[PDB]
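# Fold and geometry: a report
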Amino acid sequence: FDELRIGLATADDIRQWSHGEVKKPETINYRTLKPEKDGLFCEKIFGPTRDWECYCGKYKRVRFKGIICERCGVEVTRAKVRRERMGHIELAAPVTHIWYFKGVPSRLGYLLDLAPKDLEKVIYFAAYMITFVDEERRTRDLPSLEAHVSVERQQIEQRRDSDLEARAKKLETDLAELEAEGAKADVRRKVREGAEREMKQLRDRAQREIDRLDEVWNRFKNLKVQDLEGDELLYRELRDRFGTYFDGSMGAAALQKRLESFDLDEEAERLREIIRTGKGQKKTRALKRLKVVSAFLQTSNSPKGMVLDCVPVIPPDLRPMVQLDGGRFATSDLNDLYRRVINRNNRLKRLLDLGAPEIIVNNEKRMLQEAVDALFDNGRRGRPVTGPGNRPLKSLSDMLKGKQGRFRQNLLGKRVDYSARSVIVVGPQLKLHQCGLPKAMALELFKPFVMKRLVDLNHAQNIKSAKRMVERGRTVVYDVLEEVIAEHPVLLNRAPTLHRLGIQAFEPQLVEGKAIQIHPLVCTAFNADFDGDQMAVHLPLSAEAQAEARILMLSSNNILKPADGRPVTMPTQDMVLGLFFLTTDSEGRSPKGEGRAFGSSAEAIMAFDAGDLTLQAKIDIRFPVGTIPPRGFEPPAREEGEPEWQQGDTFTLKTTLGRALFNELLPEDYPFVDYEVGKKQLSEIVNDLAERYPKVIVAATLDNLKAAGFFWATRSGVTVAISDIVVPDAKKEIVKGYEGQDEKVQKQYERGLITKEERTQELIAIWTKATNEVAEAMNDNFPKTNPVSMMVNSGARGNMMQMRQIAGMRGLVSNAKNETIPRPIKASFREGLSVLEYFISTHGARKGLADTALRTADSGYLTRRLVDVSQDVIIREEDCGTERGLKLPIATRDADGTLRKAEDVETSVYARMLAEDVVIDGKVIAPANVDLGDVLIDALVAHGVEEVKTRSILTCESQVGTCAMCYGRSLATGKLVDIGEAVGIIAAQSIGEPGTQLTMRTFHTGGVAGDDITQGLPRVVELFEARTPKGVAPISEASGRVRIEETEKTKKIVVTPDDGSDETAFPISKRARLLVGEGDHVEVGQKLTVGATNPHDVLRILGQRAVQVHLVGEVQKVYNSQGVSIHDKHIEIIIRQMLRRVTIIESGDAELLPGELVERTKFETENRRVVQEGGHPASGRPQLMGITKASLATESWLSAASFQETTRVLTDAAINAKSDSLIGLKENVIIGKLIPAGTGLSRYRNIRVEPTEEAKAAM
DNA sequence: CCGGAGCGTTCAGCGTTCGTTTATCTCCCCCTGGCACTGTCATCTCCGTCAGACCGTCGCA
DNA sequence: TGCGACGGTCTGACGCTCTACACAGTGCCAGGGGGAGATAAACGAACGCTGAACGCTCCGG
Ligand SMILES: [Mg+2]
Ligand SMILES: [Zn+2]
Ligand SMILES: [Zn+2]
């Protein structure tokens, strides 16, 4: 389990694994249903089908286990041994493996210098091959064979001359006799014409016999190894004419005979020689050939296994034939493929037994080879073997691949026991850490524990009686159930589970109904909505699992979302509206009892219950001792003649009753919050509470906030009648004026003075102006009292666009294929659309639905790719010895006379760590190795700093992984990241979580294609794939003079760098936009055409820091366009995992291949060991590569096998004979060992616990 | 005042009879072998992916 | 050889579950070797049968 090897399995290994020969094709008997002898499903080879029974019906008893039956040879043992015992099929003629031959040429490898079409010709029995030639023996006796050929030519010419003389005599004789007989007037001309026709035909066959002799001579003269011969007649006449000189064969046996004598070390030698000198695509050919051949040199596995003689068989359980109801049978397609191979092998053996024609034997060997190929890969070549006539049979590989393969459907993700699922309901009566399971769910989940406690409580005599009562379901079972499930957490989980908070451990609690009762305060972190969403409940089982549920997983410890550090367990739908109504100012609502002193909040509550004081009214309310005053009230303390402090003393405040209640919700140590709460300030309050109070106190305060928010939202005066939604009264006249001027334009267009396109453009412009103006009128119309504004201005639920298109006009709405109708929807949803206006609304609606479906699909795909590329990076050191960092800006866009901090400081500089101390006047403002929060950043920007050096992960160098300090504080705990936290998966999920939340598509292309770059999720995936964007913006290599060259066929730009640097020319199309000055000043910074720069050349000509900044800035500017906030360290992790590979050149002294994928640490180690040897180091360039290519090119082939290309990497590992170290997480999920992240580390599992001496002395 | 016949238990003679095997006689099964006018090249997939690579191929320059 | 483009090749293409299902057109008989399965006999052992025999308490003239 330390190491998991792979390689080519030669026939010796197959025979070692095998336990017999599957000689016969049949599987089971047709009446007794017993497995056959020495055939498929054989009990002698694979093992018995029952337990400790044998085939011949004897030896049914268990006592004499491990013996061999004399009658039938079946070993008596368990029935599960048929899951692990394999045999083999002995093939009469060798066949090739379809994985290596007929694949990617990087894995075919050109090990023999043959074209793939030549292989198709040779091993599919359509063209011959010469396997061996006695070249030195052929060249030794050249004068003798030349003399024999000369003798043959001489006798050919002699017999031609004799035949010519005889034909001349015959022609003269017949001409003389037909001119002397005089049978006809011109019969001599006819016989002469016939004679000359005979002349030309016999001369033709003479030149033809000469031609075949010449062609066989020049064919034999240039015969060598690796020679093919398509024509069977030509090879036959070489065999007949010339003997024991060249050896050839037919089919895959030719490859075996070539490979047994194939000399490959000198092949690598001369191939290195042609690597050293040459030019062109020959370099690439020899490069791939040397990268494949050198695998067989260093490794000890012989290359014999590419062509095979034996075929191992799957054990019979894994290709079962199971009995069903009604007598029907169901078998796997592997049994059918094995049956086909066995039938054809038996028929080939039968043909080899007797004397058979070569065409029939060759066709039999071809169909055998094709059947073996179909067994290894059904559908790789040609029409797949269908079978029933509907679908192709699934081969071995066809279930090692894809969504139906073992890697992705049964190894990474598995079904589980002790799990349950039902719909969800909201329960406000629960705490933060409680969930309500039904009775049936809790009984079926906790059934074995219930039986154990029932036997312990002796309600049942033994286990069977306990099970009988549980199945019957008596009330004592429910009582002991309620006694059991407490102090036993369960894992709740939603199916999408987009991010880390999709699994949260609650404490179960018995409730009635058939639905899981769930705290509303946490349902937004699940993305849960109570509309039939079904949540599965998984049960942690051992002590370790429920301990990790209690400590790591509890719902009262997951306040802060790891995506941005913002609180996520304070939802907004209903409680925020209640607190808004509780704490808002009295505007538009009649304030009763406005401006009267109150002794305490109790007297105010009594007055409010009486009815003479409204909830929001500016009153002077005195507060008892211990209440902390507001942040703004401490300096404006009540004026004092003697020295006094208002910090712990009583005070009077000008605040409403509702704010006093709200500060009764918050803890006593919190300062009196004295403003409109809404949502954003509530998020800030919850963030401050989480940052400055322990977890249990924060859970209690949010539970109080939930309860009071619901209580006051019931009485908040929100409701939606149709009078509450109000249309602007000015909308009628605004629309009337705009349609009047539209009518004026329409009669203006009717005269043809303007085109249709210009009219459409100006019409959509003026109608956009109209909808913006009526939106402004709508904002100016509504008061603060109506509930729609009260639930949209409080951050509760809704945006201003929705209220704009319910009250005001719906505005402009798109057509099919992304254009705009000149006529907008002038009717509001309160007024109600007309027929066709509603039709054009449906145009946009269905496109939006299809867009969000495809968007969530591609978001899941990007999330998976990010998880693969960004995994196996884990915090593994406490601190580095480094001091280098990143120059992240802190103060930007300062005005005249003032300094302003950066706008995106909250996602970039926050939650990081300083690389070194900062000084402005010789004194440190912020110490090194501390987090950067609000107060410290405010102090720095007040002192007058412009940029800071943050110790980020891109500059982190370490012996293994990354350290905690260089990564920065974790955004999910609010503290420093613990050693072992799997930061890579958290980063990948945080990038992939708002993929469905982007909801972006290009509104209009402007009538031209290609002018607009990719937007939204396609832009993000194009950035992370390191691909060249669709809008390419070239960058000048050096500063110099740049001018345009407007060639008519294709535009052209030319930049001439100064200082004697070489001219570089960039090709640009005849497209509309180019922003560079002709004969103007240019440098490396700017871009010749506005567009997305290709980041490959950015890295090439600017540096690693510049390309890191560019990538981070681009993805963050995509994400910030929608409102989703992702911290930049999550991107920086993927970018660091992205630039790790380095491309090397001129590696003539570093003794490895130049111009491939080389790891950075390995390249540095090679440089160190070659400068230790004295040789000059090889050059190297960093290579920005995509997430997919970096995921495939990994050390552990199990992780790459679990990814997309699972056939290429398996063949690659088999050829390279690479064994993977099990450092990683996919390769530890598959095996079932503990993952090396978090609790699974070595430094945590190696603890020994013992009580102290005074502890055992006490008891 | 010990004798006797009757009664309880305990083993060896021969006499049949179960306990356990064997080859013989119907019945069915199963694999190989046999058909003697002539009748000598079928079969129908596969389209409104799909997106952009990734690649070697391959003819033109 | 460098060029494009033409081409084949190849891969996935968010997620469980309330739900969930099954699947079709062209020969025939005789002769012969195995093995299960019924028949009656047969080798071997013990299971009954013959009362007889060892030996006591026994009512007894
Ligand atoms: Mg839902
Ligand atoms: Zn047996
Ligand atoms: Zn570090």
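Residues numbered from 1 in each chain as written, not as in the entry; some residues may be left out. Chains lettered and ligands numbered in written order. Part of a larger assembly, values for the part shown. Heavy atoms only, no water.

## Describing the sheet that holds strand β17 (residues 651-655)
Here 3 strands make up an open sheet; going across it, the order is β15-β16-β17 and the pairing mixed. Either end of the sheet is taken by a strand with one partner, and the two such strands are β15 (597-598) and β17. Pairing of β15 with strand β16 (residues 619-623) involves 2 bridges; the strand directions are parallel. Residue pairing in the sheet places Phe598 in a bridge with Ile621 of β16. (Pairing = 2+ DSSP bridges. Helix = DSSP H or I, 4+ residues; strand = E, 2+ residues; numbered from the N terminus.)

## Quick notes on the sheet that holds strand β31 (residues 1157-1159)
Taken together, the 3 strands give an open sheet; going across it, the order is β31-β30-β32, and neighbouring strands pair in antiparallel fashion. Of all strands in the sheet, those with a lone pairing partner are β31 and β32 (1179-1182), marking the two edges. Sheet twist, expressed as the mean angle between neighbouring strand axes with direction ignored, is 50°. Of the pairings in the sheet, the one linking strand β30 (residues 1141-1145) to β31 comprises 3 bridges and is antiparallel in character. Residue pairing across strands places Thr1143 opposite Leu1157, the latter belonging to β31. (Axes fitted to C-alpha atoms, helices over the stretch in contact; angles between N-to-C directions.)

## Re the UniProt feature "binding site: Mg(2+)" in chain A
Here the UniProt feature "binding site: Mg(2+)" sits at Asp529, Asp531 and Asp533. Among the structural elements, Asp529 can be located in the loop between β13 (516-518) and β14 (534-538). For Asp529, a relative accessible area of 41% gives the class partly exposed. In this structure, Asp533 sits in the loop between β13 and β14. For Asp533, a relative accessible area of 11% gives the class buried. Residues in contact with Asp533, not counting those within four places in the same chain, are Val423, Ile424, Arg494 and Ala528. (UniProt positions renumbered as here; feature names shortened; annotations may be inferred. Buried < 20%, exposed > 50% of the residue type's maximum accessible area, 1.4 Å probe, protein only. Contact = heavy atoms within 4.5 Å.)

## Quick look at the packing of helix α22 (residues 680-692) against helix α23 (residues 695-714)
Closest axis-to-axis distance for the α22/α23 pair is 9 Å, and the angle between their directions is 155°. In terms of their interaxial angle, α22 and α23 are classed as roughly antiparallel. Handedness of the crossing formed by α22 with α23: right-handed. For the pair formed by α22 and α23, the contact residues are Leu682, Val686, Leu689 and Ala690 on the first element and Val698, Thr701, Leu702 and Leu705 on the second. Its residues assigned to classes, the contact of α22 with α23 shows 7 nonpolar, 1 polar and no charged. (Parallel < 35°, antiparallel > 145°, perpendicular 65-115°, else oblique. Left-handed = near helix turned anticlockwise from the far one by under 90°. Nonpolar A, V, L, I, M, F, W, Y, C, P; charged D, E, K, R; others polar.)

## Let's talk about the nonpolar core
One finds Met570, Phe662, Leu666, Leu682 and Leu705 to be the most contacted residues of the largest nonpolar core, which totals 45 residues. Of all the secondary-structure elements, those providing two or more residues to this core are α19 (575-583), α20 (601-610), β16, β17, α21 (657-665), α22 and α23. Per element, the largest residue contribution to this core is 7 residues, and it comes from α23. When residues no more than four places from it in sequence are discounted, the contact partners of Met570 are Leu521, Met575, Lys679, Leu682, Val686, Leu702 and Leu705. (Core = buried A, V, L, I, M, F, W, Y, C linked by side-chain atoms within 4.5 Å.)

## Brief notes about the coordination of the zinc ion (ligand 3)
Ideal values differ by geometry: the angle at a metal is 109.5 degrees with four tetrahedral donors, but 90 or 180 degrees with six octahedral donors. The zinc ion (ligand 3) binds to the protein through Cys880 (SG), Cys956 (SG), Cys963 (SG) and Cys966 (SG), with metal-donor distances spanning 2.3 Å. Every donor counted, the 4 donor atoms about the zinc ion (ligand 3) form angles of 96 to 125° at the centre, which fits tetrahedral coordination. We note that the donor set of the zinc ion (ligand 3) lies within a single chain, spaced as C-x75-C-x6-C-x2-C. With a gap of 83 residues between them, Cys880 in the loop between β18 (875-877) and β19 (886-889) and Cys963 in strand β23 (residues 962-963) connect regions that are remote in the sequence. Each member of the pair, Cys880 together with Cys963, is buried. (Donors = N, O, S within 2.8 Å, 3.2 Å for Na, K, Ca; no water. Tetrahedral: all angles 85-135°; square planar, octahedral: opposite > 155°, others 65-115°.)

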